[PDB]
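Below is one structure, written out as structure tokens; comments come after it.
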Amino acid sequence: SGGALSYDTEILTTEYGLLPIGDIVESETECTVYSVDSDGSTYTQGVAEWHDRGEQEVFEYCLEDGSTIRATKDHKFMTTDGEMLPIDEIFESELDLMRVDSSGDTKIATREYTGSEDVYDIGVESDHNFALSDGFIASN
């Protein structure tokens with residue numbers, strides 16, 4: 001099933017620190033975003049995949065830091081073990097998220113629903129994972 005990120009979601013990038021996921025799909029750029037290698041090393045990828053899933057009922061995942069992730073449970077993220085799992089399972093099994101070139105929580109504190117809005121998703125053909133600002137390392 002089609003998992004996607006909210007249009008308000010923001011990428012972790014070399015061009016500005018911050019860019020909205022909306023700009024990547026609706027203005028078709030290839031700006032370098034953070035990702036992981038097969039050897040579990042942090043690197044960058046210019047975007048090669050962009051898609052619009054329309055309108056979906058979005059979920060809010062709160063961190064201990066008070067920050068919030070906004071996505072669907074339908075797409076699989078990955079832990080520090082290199083094991084691929086949905087954000088919803090990483091929450092209720094309390095699993096550690098993968099490290100990145102920014103300070104962030106590994107465990108999610110809370111889960112809530114928030115209403116339907118514009119949703120988007122992005123990737124690359126090799127490693128197919130992306131780092132978000134106030135968000136988990138997305139994968140599909």
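Chain lettering (A, B, ...) mirrors the order of the structure tokens, residue numbering begins at 1 for each chain separately, and ligand numbering begins at 1 in order of display.
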Counting only C-alpha atoms, what is within 9 Å of stretch 52-61 of chain A, bar same-chain residues fewer than 4 positions away, as a VMD selection string?
-> chain A and resid 2 to 6 25 67 to 73 87 to 88 91 108 to 121
Shell around residue A:27 at 12 Å using only C-alpha atoms, local window under 6 positions removed, as an MDAnalysis selection string = chainID A and resid 19:21 47 50:51
Which residues come within 9 Å of residue A:136, counting only C-alpha atoms, excluding same-chain residues fewer than 3 positions away, as number ranges by chain?
-> A: 69, 77-78, 87, 97-98, 104-106, 130-133
Run DSSP on the backbone and grab whatever in stretch 31-107 of chain A lands in strand (DSSP E); send it over as a ChimeraX atom specification.
-> /A:32-36,42-46,49-63,68-71,76-78,84-86
For the residues selected in the previous step, produce a file with N, CA, C and O atoms as a CSV table (one decimal), in the first residue's frame.
```
chain,number,residue,atom,x,y,z
A,32,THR,N,21.1,17.3,-2.8
A,32,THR,CA,21.7,16.2,-2.0
A,32,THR,C,21.1,16.2,-0.6
A,32,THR,O,21.1,17.2,0.1
A,33,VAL,N,20.5,15.0,-0.3
A,33,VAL,CA,19.9,14.7,1.0
A,33,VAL,C,20.7,13.6,1.6
A,33,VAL,O,21.4,12.8,0.9
A,34,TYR,N,20.7,13.5,3.0
A,34,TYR,CA,21.4,12.4,3.7
A,34,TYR,C,20.8,11.0,3.6
A,34,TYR,O,19.5,10.9,3.7
A,35,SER,N,21.6,10.0,3.5
A,35,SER,CA,21.2,8.6,3.4
A,35,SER,C,22.3,7.7,3.9
A,35,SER,O,23.4,8.1,4.3
A,36,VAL,N,22.0,6.4,4.1
A,36,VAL,CA,23.0,5.3,4.5
A,36,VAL,C,23.5,4.4,3.4
A,36,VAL,O,22.7,3.9,2.6
A,42,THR,N,27.0,7.0,6.9
A,42,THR,CA,26.2,8.2,6.5
A,42,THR,C,26.8,9.0,5.3
A,42,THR,O,28.0,9.5,5.4
A,43,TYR,N,26.1,9.2,4.3
A,43,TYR,CA,26.4,9.8,3.0
A,43,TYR,C,25.3,10.7,2.4
A,43,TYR,O,24.3,10.9,3.1
A,44,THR,N,25.5,11.2,1.2
A,44,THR,CA,24.5,12.0,0.5
A,44,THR,C,24.1,11.5,-0.9
A,44,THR,O,24.9,11.0,-1.7
A,45,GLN,N,22.9,11.8,-1.3
A,45,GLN,CA,22.2,11.4,-2.6
A,45,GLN,C,21.4,12.6,-3.1
A,45,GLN,O,20.5,13.1,-2.4
A,46,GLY,N,21.6,13.0,-4.3
A,46,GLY,CA,20.7,13.8,-5.1
A,46,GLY,C,19.5,13.0,-5.6
A,46,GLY,O,19.7,12.0,-6.2
A,49,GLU,N,13.8,10.1,-7.7
A,49,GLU,CA,12.5,9.6,-7.7
A,49,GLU,C,11.5,10.6,-7.0
A,49,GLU,O,11.9,11.0,-5.9
A,50,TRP,N,10.4,10.9,-7.6
A,50,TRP,CA,9.4,11.8,-7.0
A,50,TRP,C,8.0,11.5,-7.4
A,50,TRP,O,7.7,11.2,-8.6
A,51,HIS,N,7.0,11.4,-6.4
A,51,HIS,CA,5.7,10.9,-6.6
A,51,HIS,C,4.7,11.5,-5.6
A,51,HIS,O,5.0,11.8,-4.5
A,52,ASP,N,3.4,11.6,-6.1
A,52,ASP,CA,2.3,12.2,-5.4
A,52,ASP,C,1.1,11.2,-5.2
A,52,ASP,O,0.4,10.8,-6.1
A,53,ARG,N,0.9,10.8,-3.9
A,53,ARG,CA,-0.2,9.8,-3.5
A,53,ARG,C,-1.6,10.5,-3.2
A,53,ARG,O,-2.5,9.8,-2.9
A,54,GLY,N,-1.7,11.8,-3.4
A,54,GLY,CA,-2.9,12.5,-3.4
A,54,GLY,C,-3.2,13.1,-2.0
A,54,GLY,O,-2.5,14.0,-1.5
A,55,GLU,N,-4.3,12.6,-1.4
A,55,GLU,CA,-4.7,13.0,-0.1
A,55,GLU,C,-4.9,11.7,0.8
A,55,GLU,O,-5.7,10.8,0.5
A,56,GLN,N,-4.2,11.6,1.9
A,56,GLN,CA,-4.3,10.5,2.9
A,56,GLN,C,-4.4,11.0,4.3
A,56,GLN,O,-3.9,12.1,4.6
A,57,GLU,N,-5.1,10.3,5.1
A,57,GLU,CA,-5.2,10.6,6.6
A,57,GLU,C,-3.9,10.3,7.3
A,57,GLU,O,-3.5,9.2,7.4
A,58,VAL,N,-3.3,11.4,7.7
A,58,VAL,CA,-1.9,11.4,8.2
A,58,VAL,C,-1.8,11.2,9.8
A,58,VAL,O,-2.7,11.6,10.5
A,59,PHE,N,-0.8,10.5,10.2
A,59,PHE,CA,-0.5,10.3,11.6
A,59,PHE,C,0.7,11.1,12.2
A,59,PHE,O,1.7,11.2,11.5
A,60,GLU,N,0.5,11.6,13.4
A,60,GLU,CA,1.5,12.4,14.1
A,60,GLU,C,2.2,11.5,15.2
A,60,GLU,O,1.6,11.0,16.1
A,61,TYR,N,3.5,11.4,15.0
A,61,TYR,CA,4.4,10.7,15.9
A,61,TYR,C,5.3,11.7,16.7
A,61,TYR,O,6.1,12.4,16.1
A,62,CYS,N,5.1,11.8,18.0
A,62,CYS,CA,5.8,12.8,18.8
A,62,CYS,C,7.0,12.2,19.4
A,62,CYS,O,7.1,11.1,19.8
A,63,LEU,N,8.1,13.0,19.5
A,63,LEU,CA,9.4,12.7,20.2
A,63,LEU,C,9.5,13.2,21.6
A,63,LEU,O,8.7,14.0,22.0
A,68,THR,N,7.6,16.6,16.1
A,68,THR,CA,6.6,15.7,15.5
A,68,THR,C,6.9,15.3,14.0
A,68,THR,O,7.0,16.1,13.1
A,69,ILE,N,6.8,14.0,13.8
A,69,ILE,CA,6.9,13.3,12.5
A,69,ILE,C,5.4,13.2,12.0
A,69,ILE,O,4.5,12.8,12.7
A,70,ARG,N,5.2,13.5,10.7
A,70,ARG,CA,3.9,13.4,10.0
A,70,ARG,C,3.9,12.6,8.7
A,70,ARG,O,4.4,13.0,7.7
A,71,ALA,N,3.3,11.3,8.8
A,71,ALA,CA,3.4,10.3,7.7
A,71,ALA,C,2.2,9.3,7.8
A,71,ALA,O,1.4,9.4,8.7
A,76,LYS,N,8.0,1.4,5.1
A,76,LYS,CA,9.0,0.9,6.0
A,76,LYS,C,10.3,1.7,6.1
A,76,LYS,O,11.0,1.8,5.1
A,77,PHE,N,10.5,2.2,7.3
A,77,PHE,CA,11.8,2.8,7.8
A,77,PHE,C,12.9,1.8,8.1
A,77,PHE,O,12.7,0.6,7.8
A,78,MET,N,14.0,2.1,8.8
A,78,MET,CA,14.9,1.1,9.3
A,78,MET,C,15.6,1.5,10.6
A,78,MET,O,16.0,2.7,10.8
A,84,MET,N,14.5,-3.4,8.4
A,84,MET,CA,13.5,-2.5,7.8
A,84,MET,C,12.1,-2.8,8.4
A,84,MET,O,11.5,-3.9,8.3
A,85,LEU,N,11.5,-1.7,9.0
A,85,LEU,CA,10.2,-1.8,9.7
A,85,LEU,C,9.4,-0.5,9.6
A,85,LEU,O,10.0,0.6,9.6
A,86,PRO,N,8.0,-0.5,9.6
A,86,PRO,CA,7.2,0.7,9.6
A,86,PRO,C,7.4,1.5,10.9
A,86,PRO,O,7.6,1.0,12.0
```
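Shortest atom-to-atom contact with residue A:101 among A:137, A:122, A:83, A:48: A:137, counting only C-alpha atoms.
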Would you mind reading off the distance between atom CA of residue A:22 and atom CA of residue A:8, one decimal, in Å?
->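 The value is 7.4 Å.
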Please identify which residues in chain A DSSP calls alpha helix (DSSP H) from the backbone, and express them as an MDAnalysis selection string.
-> chainID A and resid 21:26 87:92
Next, dump the selected residues to file, keeping only N, CA and C atoms, as an mmCIF file, in the first residue's frame.
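Result saved to out06.cif:
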```cif
data_model
loop_
_atom_site.group_PDB
_atom_site.id
_atom_site.type_symbol
_atom_site.label_atom_id
_atom_site.label_comp_id
_atom_site.auth_asym_id
_atom_site.auth_seq_id
_atom_site.Cartn_x
_atom_site.Cartn_y
_atom_site.Cartn_z
ATOM 1 N N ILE A 21 9.478 18.858 1.392
ATOM 2 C CA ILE A 21 9.296 17.719 0.470
ATOM 3 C C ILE A 21 8.419 18.092 -0.737
ATOM 4 N N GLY A 22 7.496 19.042 -0.542
ATOM 5 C CA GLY A 22 6.686 19.641 -1.598
ATOM 6 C C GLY A 22 7.524 20.219 -2.737
ATOM 7 N N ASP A 23 8.559 21.010 -2.429
ATOM 8 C CA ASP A 23 9.487 21.559 -3.428
ATOM 9 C C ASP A 23 10.211 20.518 -4.289
ATOM 10 N N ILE A 24 10.555 19.372 -3.695
ATOM 11 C CA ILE A 24 11.272 18.301 -4.392
ATOM 12 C C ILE A 24 10.393 17.637 -5.459
ATOM 13 N N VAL A 25 9.113 17.387 -5.159
ATOM 14 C CA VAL A 25 8.161 16.813 -6.128
ATOM 15 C C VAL A 25 7.569 17.856 -7.078
ATOM 16 N N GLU A 26 7.076 18.985 -6.561
ATOM 17 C CA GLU A 26 6.381 19.993 -7.376
ATOM 18 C C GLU A 26 7.331 20.910 -8.162
ATOM 19 N N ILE A 87 7.190 2.845 10.719
ATOM 20 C CA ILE A 87 7.289 3.859 11.786
ATOM 21 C C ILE A 87 6.390 3.527 12.982
ATOM 22 N N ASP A 88 5.249 2.912 12.686
ATOM 23 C CA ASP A 88 4.208 2.540 13.628
ATOM 24 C C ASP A 88 4.695 1.388 14.534
ATOM 25 N N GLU A 89 5.468 0.441 13.983
ATOM 26 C CA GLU A 89 6.085 -0.664 14.726
ATOM 27 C C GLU A 89 7.309 -0.197 15.522
ATOM 28 N N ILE A 90 8.170 0.643 14.928
ATOM 29 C CA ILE A 90 9.293 1.285 15.626
ATOM 30 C C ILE A 90 8.789 2.053 16.859
ATOM 31 N N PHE A 91 7.628 2.713 16.769
ATOM 32 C CA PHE A 91 6.942 3.261 17.943
ATOM 33 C C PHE A 91 6.532 2.278 19.056
ATOM 34 N N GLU A 92 5.709 1.274 18.746
ATOM 35 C CA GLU A 92 5.093 0.406 19.770
ATOM 36 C C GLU A 92 5.956 -0.801 20.196
#
```
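One distance worth recording is that between atom CA of residue A:10 and atom CA of residue A:134, which is 7.5 Å.
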